[PDB]
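Chain by chain, the residues:
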Amino acid sequence: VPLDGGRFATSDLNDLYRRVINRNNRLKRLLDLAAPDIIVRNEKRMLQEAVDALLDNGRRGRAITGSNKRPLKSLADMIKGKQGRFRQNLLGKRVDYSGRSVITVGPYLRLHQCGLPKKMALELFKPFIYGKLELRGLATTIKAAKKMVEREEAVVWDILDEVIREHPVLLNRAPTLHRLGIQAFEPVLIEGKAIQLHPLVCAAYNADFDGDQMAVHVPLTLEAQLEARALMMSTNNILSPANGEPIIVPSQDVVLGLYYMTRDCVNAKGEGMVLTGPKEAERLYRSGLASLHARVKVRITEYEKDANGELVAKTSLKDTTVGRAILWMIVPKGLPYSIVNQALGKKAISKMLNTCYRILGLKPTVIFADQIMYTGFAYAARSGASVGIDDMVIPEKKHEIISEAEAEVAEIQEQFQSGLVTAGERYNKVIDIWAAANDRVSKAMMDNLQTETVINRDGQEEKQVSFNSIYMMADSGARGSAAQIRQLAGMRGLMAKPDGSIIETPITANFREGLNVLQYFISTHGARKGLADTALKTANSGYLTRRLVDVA
Amino acid sequence: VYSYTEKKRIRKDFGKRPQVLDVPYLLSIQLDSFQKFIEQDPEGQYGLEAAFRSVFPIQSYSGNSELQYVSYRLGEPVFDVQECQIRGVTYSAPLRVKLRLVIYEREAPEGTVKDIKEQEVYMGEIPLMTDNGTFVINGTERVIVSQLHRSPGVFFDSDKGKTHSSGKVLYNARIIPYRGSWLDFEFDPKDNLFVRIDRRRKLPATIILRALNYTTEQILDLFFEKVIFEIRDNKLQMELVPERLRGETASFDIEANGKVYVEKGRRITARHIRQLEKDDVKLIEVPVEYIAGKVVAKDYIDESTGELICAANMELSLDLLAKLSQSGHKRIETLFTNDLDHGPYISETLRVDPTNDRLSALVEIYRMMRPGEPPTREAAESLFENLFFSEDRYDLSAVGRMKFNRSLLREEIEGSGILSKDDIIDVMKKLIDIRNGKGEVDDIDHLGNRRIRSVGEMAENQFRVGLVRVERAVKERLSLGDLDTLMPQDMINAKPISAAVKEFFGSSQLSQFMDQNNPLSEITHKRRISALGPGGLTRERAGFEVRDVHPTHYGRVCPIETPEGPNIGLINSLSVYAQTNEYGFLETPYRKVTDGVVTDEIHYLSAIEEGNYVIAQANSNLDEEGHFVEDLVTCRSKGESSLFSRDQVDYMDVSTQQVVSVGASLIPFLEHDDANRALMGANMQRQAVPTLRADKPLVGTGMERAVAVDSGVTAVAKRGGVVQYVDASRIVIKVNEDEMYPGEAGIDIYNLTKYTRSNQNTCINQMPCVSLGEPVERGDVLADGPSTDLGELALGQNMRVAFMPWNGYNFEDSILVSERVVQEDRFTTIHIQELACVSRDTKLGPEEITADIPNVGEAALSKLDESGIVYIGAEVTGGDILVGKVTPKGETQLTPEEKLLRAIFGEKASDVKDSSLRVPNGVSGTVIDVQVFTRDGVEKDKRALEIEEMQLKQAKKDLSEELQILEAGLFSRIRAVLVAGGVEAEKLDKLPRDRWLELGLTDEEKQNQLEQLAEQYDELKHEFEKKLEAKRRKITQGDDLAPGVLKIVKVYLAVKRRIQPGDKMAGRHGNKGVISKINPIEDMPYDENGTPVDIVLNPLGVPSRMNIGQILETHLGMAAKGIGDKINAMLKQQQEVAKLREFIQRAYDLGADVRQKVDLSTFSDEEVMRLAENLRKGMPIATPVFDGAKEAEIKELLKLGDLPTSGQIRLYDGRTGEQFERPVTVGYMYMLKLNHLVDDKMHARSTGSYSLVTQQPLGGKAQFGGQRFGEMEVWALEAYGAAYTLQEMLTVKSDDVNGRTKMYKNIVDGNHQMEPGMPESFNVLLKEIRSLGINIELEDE
Amino acid sequence: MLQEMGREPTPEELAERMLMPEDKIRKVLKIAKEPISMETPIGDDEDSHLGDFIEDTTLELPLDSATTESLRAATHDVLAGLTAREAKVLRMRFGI
Ligand SMILES: [Mg+2]
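Residues numbered from 1 in each chain as written, not as in the entry; some residues may be left out. Chains lettered and ligands numbered in written order. Part of a larger assembly, values for the part shown. Heavy atoms only, no water.

Turning our eyes to something else, we now look at the overall build of chain C. Along the backbone of chain C there are five helices and one strand. In sequence order, the secondary structure elements of chain C are arranged as α-α-α-β-α-α. At 29 Å, chain C has a C-alpha radius of gyration far larger than the 12 Å of a compact globule built from 96 residues. Its C-alpha atoms put chain C at 85 × 45 × 15 Å along the principal axes. Counting over 96 residues, chain C shows a buried share of 18%. Taking contacts inside chain C between residues at least 6 apart in sequence as the whole, the part at least 24 apart equals 0%. Charge separation in chain C, taken as the distance between the mean sites of 12 positive and 21 negative side-chain charges, equals 16 Å. (Helix = DSSP H or I, 4+ residues; strand = E, 2+ residues; numbered from the N terminus. Rg over C-alpha atoms; globule rule 2.2 N^0.38 Å. Buried < 20%, exposed > 50% of the residue type's maximum accessible area, 1.4 Å probe, protein only. Contact = heavy atoms within 4.5 Å. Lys, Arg positive; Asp, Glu negative; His and termini not counted. Charge placed at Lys NZ, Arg CZ, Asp CG, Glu CD.)

A word on the sheet that holds strand β22 (residues 450-453) of chain B. Residue and element names in this part refer to chain B. Strand order in this open sheet of four strands is β22-β8-β24-β25, and the pairing throughout is mixed. The open sheet terminates on both sides in strands that have one partner only, identified here as β22 and β25 (571-573). Looking at each pair of strands side by side, their axes are set apart by 35° on average, direction ignored. Relative to strand β24 (residues 528-530), strand β8 (residues 146-150) is paired through two bridges, and the arrangement is parallel. (Pairing = 2+ DSSP bridges. Axes fitted to C-alpha atoms, helices over the stretch in contact; angles between N-to-C directions.)

This part covers the interface of chain A and chain B. Every contact between the two is made by 127 residues of chain A and, on the other side, 135 residues of chain B. At the junction of chain A with chain B, the criterion picks out ten salt bridges. For the salt bridge of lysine 193 of chain A with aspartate 1239 of chain B, the shortest nitrogen-to-oxygen distance reads 3.2 Å. Where chain A packs against chain B, one counts 43 residue pairs in polar contact. No other element matches helix α20 (residues 517-551) of chain A, which puts 16 residues into the side of chain A that touches chain B. Tallied by class, the residues present in the side of chain A that touches chain B amount to 66 nonpolar, 32 polar and 29 charged. (Salt bridge = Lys/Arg side-chain N within 4 Å of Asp/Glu carboxyl O. Polar contact = N/O pair within 3.5 Å; in protein donor to acceptor, adjacent residues only side chain to side chain. Nonpolar A, V, L, I, M, F, W, Y, C, P; charged D, E, K, R; others polar.)

Binding of the magnesium ion to the protein goes through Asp208 of chain A (OD), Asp208 of chain A (OD) and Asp210 of chain A (OD), at separations of 2.0 to 2.3 Å. By relative accessible area, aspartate 210 of chain A is classed as buried at 14%. (Donors = N, O, S within 2.8 Å, 3.2 Å for Na, K, Ca; no water.)

Residues and elements named next belong to chain B. Strands sit in the order β9-β10-β11-β12-β13 across an open sheet of five strands; the sheet is antiparallel. Whereas interior strands pair on both sides, the edge strands pair on one side only; in this sheet they are β9 (153-159) and β13 (203-204). Inspection of the sheet shows strand β11 (residues 183-187) paired to strand β12 (residues 193-197) by five bridges, in the antiparallel sense. Bridge assignment links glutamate 186 to a residue of β12, and that residue is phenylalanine 194.

Bringing the pattern of salt bridges into the picture now. Inspection of every chain in the model, using the stated rule, returns 95 salt bridges over all chains. The shortest N-O distance in the salt bridge between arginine 199 of chain B and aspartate 184 of chain B comes to 3.0 Å. Taken together, the residues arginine 199 of chain B in the loop between β12 and β13 and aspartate 184 of chain B in strand β11 connect sequence positions 15 residues apart. Measuring nitrogen to oxygen at the nearest pair gives 2.7 Å for the salt bridge that ties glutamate 4 of chain C to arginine 17 of chain C. Of this pair, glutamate 4 of chain C sits in helix α1 (residues 2-5) while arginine 17 of chain C sits in helix α2 (residues 11-18); the two residues are 13 residues apart in sequence, bridging distant segments of the chain. Each of the two residues, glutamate 4 of chain C as well as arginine 17 of chain C, counts as exposed. A single salt-bridge network, built from bridges that share partners, covers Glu6, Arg9, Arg11, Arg705, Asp789 and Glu792 of chain B.

Residue-level contacts link 15 residues of chain A with 13 residues of chain C. Both sides together, the interface formed by chain A and chain C hides about 1,300 Å², and carbon and sulfur atoms give 62% of it. Here chain A is connected to chain C by zero salt bridges. Joining chain A to chain C, the criterion identifies five residue pairs in polar contact. Secondary-structure elements contributing two or more residues to the side of chain A that touches chain C are β1 (9-10) and α7 (142-150) of chain A. Examining the composition of the side of chain A that touches chain C, we find that three residues originate from one element, α7 of chain A, more than from any other. Of the residues that constitute the side of chain A that touches chain C, the class distribution is five nonpolar, four polar and six charged. Of the pairings in the sheet, the one linking β1 of chain A to strand β1 (residues 36-37) of chain C comprises two bridges and is parallel in character. Within the sheet, the bridge partner assigned to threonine 10 of chain A lies in β1 of chain C and is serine 37 of chain C. (Buried area = accessible area lost by both parts, 1.4 Å probe.)

Turning our attention to the nonpolar core. By size, the foremost hydrophobic cluster in this structure holds 97 residues, and its most contacted members are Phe125, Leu133, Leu171, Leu197, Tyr205, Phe209 and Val216 of chain A. For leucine 133 of chain A, the residues in contact, after removing those within four places along its chain, are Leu138, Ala139, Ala145, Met148, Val149, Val156 and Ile159 of chain A. In terms of nonpolar packing, the next biggest core, distinct from the first, is built from 79 residues, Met446 of chain A together with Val549, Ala1120 and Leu1197 of chain B among them. (Core = buried A, V, L, I, M, F, W, Y, C linked by side-chain atoms within 4.5 Å.)

Now for a negative patch on the surface. A grouping of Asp499 of chain A together with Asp157, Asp159, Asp443 and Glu545 of chain B is seen on the molecular surface, where their side chains present a negatively charged patch. Along the chain, the position of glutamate 545 of chain B falls in the loop between β24 and β25. (Patch = residues over 30% accessible without salt bridge, like charges linked within 9 Å, V, L, I, M, F, W, Y side chains within 5 Å. Areas by Shrake-Rupley, 256 points an atom, 1.4 Å probe, with all protein chains shown as cover.)

All names here are of chain A. Among all positions of helix α8 (residues 154-164), only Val156, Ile159, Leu160, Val163 and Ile164 are buried. Buried residues in α8, looked at end-on, bunch into an arc of 120°, giving them a common side. Pointing more than 90 degrees away from the buried face of α8 are the exposed residues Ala154 and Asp158. Contacts made by the buried residues of α8 are with α5 (118-124), α6 (126-135), α7 and β6 (182-190). Phi turns positive, to about 70°, at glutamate 166, one or two residues after α8. (Arc of directions from axis to C-beta.)

What follows is about the packing of helix α27 (residues 1109-1132) of chain B against helix α30 (residues 1191-1200) of chain B. Residues and elements named next belong to chain B. Across the interface, α27 lies against α30 with an axial gap of 8 Å and an inter-helix angle of 30°. Considering their axes alone, α27 and α30 lie roughly parallel with respect to each other. The handedness of the crossing between α27 and α30 comes out as left-handed. Across from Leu1112, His1115, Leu1116, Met1118, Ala1119 and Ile1123 in α27, the residues of α30 making contact are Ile1194, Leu1197 and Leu1198. Of the residues in the contact of α27 with α30, the class split is eight nonpolar, one polar and no charged. (Parallel < 35°, antiparallel > 145°, perpendicular 65-115°, else oblique. Left-handed = near helix turned anticlockwise from the far one by under 90°.)

If you want it as structure tokens, here you go:
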């Protein structure tokens, strides 16, 4: 083919064919001319070699290189590899009617919606728009329709709004590890250039909003639209196919909000009032007359599903808090009150959703999941939870533990030079000592942190779980864990040399105190080892799953 | 004590340690290297001199003619750097070499009096390095990264079984030359020794020895120890060396003929050996049973007959012993085969060895190296010699020789490049020693074994390759033709040498586009050391071992800055203070400790040398210019850290920074960050995009001044003086008389680069920061680069953050920003791009650049010139025409309906296309300039020649200053001489300057000097004239172009890019995010006083990611802005100077034990007021890494500014007015805007262009392509039941041709049906398989 | 000529030395070059090849196909409204 610059671009098969033809013609010439036998033997070998290089290059030992430096690519090369026909153009291929962009959180969406930029939508649905511009008579011919669209007249936007309605689109994020990586959503047109994704579906996609991108595809035929709506729609995928457990699982901010709203506290505003149901609880809290944590007595009516599915109503006077009463207004009728009446963590919320599913069905759980998300965001924001540096408390007796362990190790090392202790004995003893010291420090830190608040209960003192923000993030299961907090406030611990051996002296400092040069250099070993492990482990995972998919 | 750019704004730092070394010049690693390549060194063999002296003189075959080397020289480059960039041509210099051809005489033996013909030869182009460390290749800035490769020498490694039940440890030794083939020895699992040449195939290891003309007896001699048996007419007696008996169960009793020593059954002890040793036992009458088992050394012939009774290396037998006795041999030299402490490996290899003599051994090697050829004598001889012992085919560079000798525990350092036979035998010796358990195995990752190549050395290597390629042709031509008529420049072809050099610079893997995001990326790119590249390790070959952090990296390479993904650990950055010794191994500085006192002598220690000593730590508490405070110190030795006494220390680290690189040294509170996030932060700083208005960091570390100055992107005063005139584009400066050179006038001109385009399409612009009349000293900043504030690095801008959850708009790493940030034009960037329209001449006719373009209404042609080019400054949007070009169209036969249509309406339908250049869709900007390039023969349009006229005007304008500044100096010398032969104080001054030459004094030497000066003025005139004519000729002459290209037009388009949801922002501590929403000002949370927060971040990102740098930085930033607000309030009350002085000074000396003492009293009132003006925006603070500002100091600083010491505030909700129930953290954090913009990333496609052979849509946003529906996605749809969407994705959307066009025409009609077909890719497959001669075809039904 | 002048020769000077007209030299210079392989790796990483980068020119656009069909239909409708003999004459003349 002619390149624009006047040059020509050619495939390699042209070259291989040319030399086969050349050798063949010259062999015919030689035989016609009655040559000596060594010459014709030479020609016969070279012809055979040319054919071999045509059919499969390099298998005959030495690959014929092109003009440049590199071997010519032959027919078998066009079939075989990862980049041959079979895997690259037949089993998976590039596609029309598709787009791609950065993702962003939209918290106002319902579980079956996704925000689609106006420009992407205008481009993807081009021919549909041409068709309905012609239908209404607004454009005589297709070329007029083009000019109408490229100048973006208002009727174009009205037509587009009428087109996308009820039309699902397919959202994909690579790598597509499991069948939940592709899901169908109903679009809502937005301005801007980023796709807005519902918060709850991030877990399935394994997506985080720090620069990821997703691809959008458009189903065209009626059958494609229907099976996007029936098989693939996001409200149809709430349980995982690997194990039976749900995948719509509220997470970081939702869990923090629900935890903060539900938890109870000592005497704070409004002890021992008696309330006519949750509505009064909300009216009290939002007027500033009571706190979310007050321990109050509220009148509550549960429903309970009968033998034949009837809902019997039961009314009673329960002991609860303002926060739990307010939360109860969301819960669909059919569930017991006992679900809400304890300080909810992550497990509790997931179990709440599972119960609602296996009792009531699908539609109530979808609506319930949304309302949980909305309430969790709202009250997490109203809590105003933050993170300062004073929030990472350090035990008052850390240095005592460290000094005792140091002196004891010093004496065991002094005892070594008496010859009473071999190398293995000393090494094992020192490691055991430092492990014990680490455990003591960690336990003291948790004791000081977890249940440290002393409150007057209208009189003398009382002891309750603390409202420290990092502890909240620990208990609620929002984001923290015990080990992370240990690193923030206890000791960072023991480290390992590049490969196996565990270094003798541990790191006694923590991130609030700050490491020194040598300790930082020590930790870098493990950091890089883990990071390289993940980087080079992804490929093995992929190859394994490919083999498994092909067998079965 | 402070320079003026410092008294403008002193940044308070909290560092406690006193610094000894200054941070060295950062780019030296580049510059120094290249200098060695060009520096004209007489004896020091570096670069061009070394290469020439290596090849030349080149001897002809007959020895009668030879070509001789004299010297070389670098010509002046024809084009300057700016011209090279605008013309797209390499910046280079011509290399000119003096050669001498000498022709001998046949008759006389060496009569060299026939012909000596000497002349200069042009021998290629050499690219030059700009003074910043970069090359300009084809008009683009390229950087060549240093390479880290395994040094030549010997390495003794082991692969311990790694697959065996035995788990045997297998030892091997490698010899690696600088240039040449590999030699490898190893053990077989059966303790046999084998050789590989160039990793082809094993041979038994003794063949190398035999090829070296060694007789079997001689081999057994040099390896093994000899044992002596006397025979006395009946007696078998052995000469005894006592310790030879160690470690053996007793066989019989051994009496030394006087008294029993070893009884049968007694285990032989050290006491027995000692008894033997003192008893001086020599000869033992051993039983005849003993020698049954040993091996004979020499060839024992029968002296009576001369026949081999037993030759070397056969196990002895009783009857053989008898025959030796009867033959008359009293002496028997058997072999010393004492188990594991000594080993019988050589003997066993000899027994397996098939070859017998030298010649058979050479034949064996020859048929191993070149299988299938007859092994003649001469061929084998020549092969072996050229293989390992020939000067031009093997080289252990002096580095390799030194490393070799020092691995072998030799004395000398310098030696021949070729391997002697002693070298091979010694390597074998040491390998065997390791096998028996004496020596140790080398560690291949040691930075004592890995060495770095810089650009000078690679370029020198490639030039040598080119020179050798010339050698062949020169030497053959010297032999055949007649030697009389020809001259040397006819013999040499320049093309191959320049071919090699330019191929290296342009196409190598180590020549890379330079990153011009900002100064930091530039510096950190010029300083990486890469393990990949030619002659180096590759991706798949790299295991886990080479990729980790070795204990010797301390202070040589950074541990926490390296890419993620596949290249982790393979690319890594040079640390701060590190440099390279003359061999090429990294080394780092240390303070020498004399007898307890820490001195100030700096010694640079290498990798292998470091482990010998005991090195203290950087933060060990020193005591008042003396010895250590503590009795016991923390140190490291032999790779292990432990505790030591004062007396045992030898060295101390220079500073706390010397571990980390530059990019990591810029992070404020590094010592509180988990390493995983520090790595990310270091990698992410390099991607920041420089915004409209530079803003200093309120929390820095003090390395910013050095980075900004050394990156070369500012304009730094060269010799100092007083500013005489400042413009937006120029600074002219009068020099102080002290450093005014005695010939010239003291005026320096600095021209500033304004609004040029970088590699990443950002804006480069310099702004003057000096003001007219100000005094400046040497080395301080006059202009600010792209992303530098008043002398300092300023990558991003610093914002009010609150740490709290909004209504789920910052869910996972998302960021919520206020509308104020958009209003203030913070984070607004400027992007410059090229657009080019090329007009060629086609076979039907030449295309042309015209404004007369078919099918276009005047609305579009509004913005075009008369000639069809855009007006400068016209604002364009997507789709507009930038230059009108039409191409001659062929003949177009249309279907009947167009015949009818044209007949109805009378359309002429002219024969010409519309190929004009238009703005890409979406882009919207302003045209800042246009450039036109015309071929030599083509006439110049109107537009092009008015551009030329404008350029002439500019050139004449500029050249006049250059003329005047030179007349001024010449007249200064004239007035300095004319007053010395008679002072005329005011007379000459008042009379005109010019007519001083028409005046003359007494006919002394004064008159002669006045005349000879007058003949300087006449050729200053000719300077002006020739230079002006050079400029006239350059811009009038037609540019050379590609063949077939008539003319080129380039349009530069400038786009102002604003922030919007979707963009990526980040801080310095590894925290990322995408803007999620832009709130109105009312909705943002607000303070007690009503000031709203600018950015809201999520708390849940700190505890688990575990980087606490964020929070400490936020508190310290709050404190710094607090002091700023005190200063501002004090200034708004319209003055009180003593109070400003007092408050500022107490703020400056707040710290606990800081080293920085700022005496404010010496400042005059005006400088104090100016300093207050600059601090009005906040006190800038500096907390160095690992020497930080600690928490109590932060709280004290907060108290000084009247802020809560806990760092948290009562914060209200801007939307309902209700207070948030808990205090929240508020403060200033330094945010960055990265180069991943949502504008560049959005893309959509309905239908477009399709590929050629496969017929699928193309890929990529440039080609308007579609997204790939890979294999995994297909599995996903398989996992549902979605068969119909699948069949859609496979047929009517990409390959099914008839299918896809039919379905378009359907969905236009509102039908929505498929009608599928057969993908073209499968038909292509089917034809490919049929072409293999395999019949595959579809069975019908 | 390059080693004599110390730089590359302009086509005019080269034409002077070969005693041939300038256009002939220019024509030879453009003819000389040899075609480039479709498998040359254009991406720095050896994943993408020149071949994937080239577009097919022969195909028409679905837009223009639909336009042509619409044009034919419209012309048929307009012609049908005309007089029978006039309509058949116009069809017969232009080969519609
Ligand atoms: Mg992510």
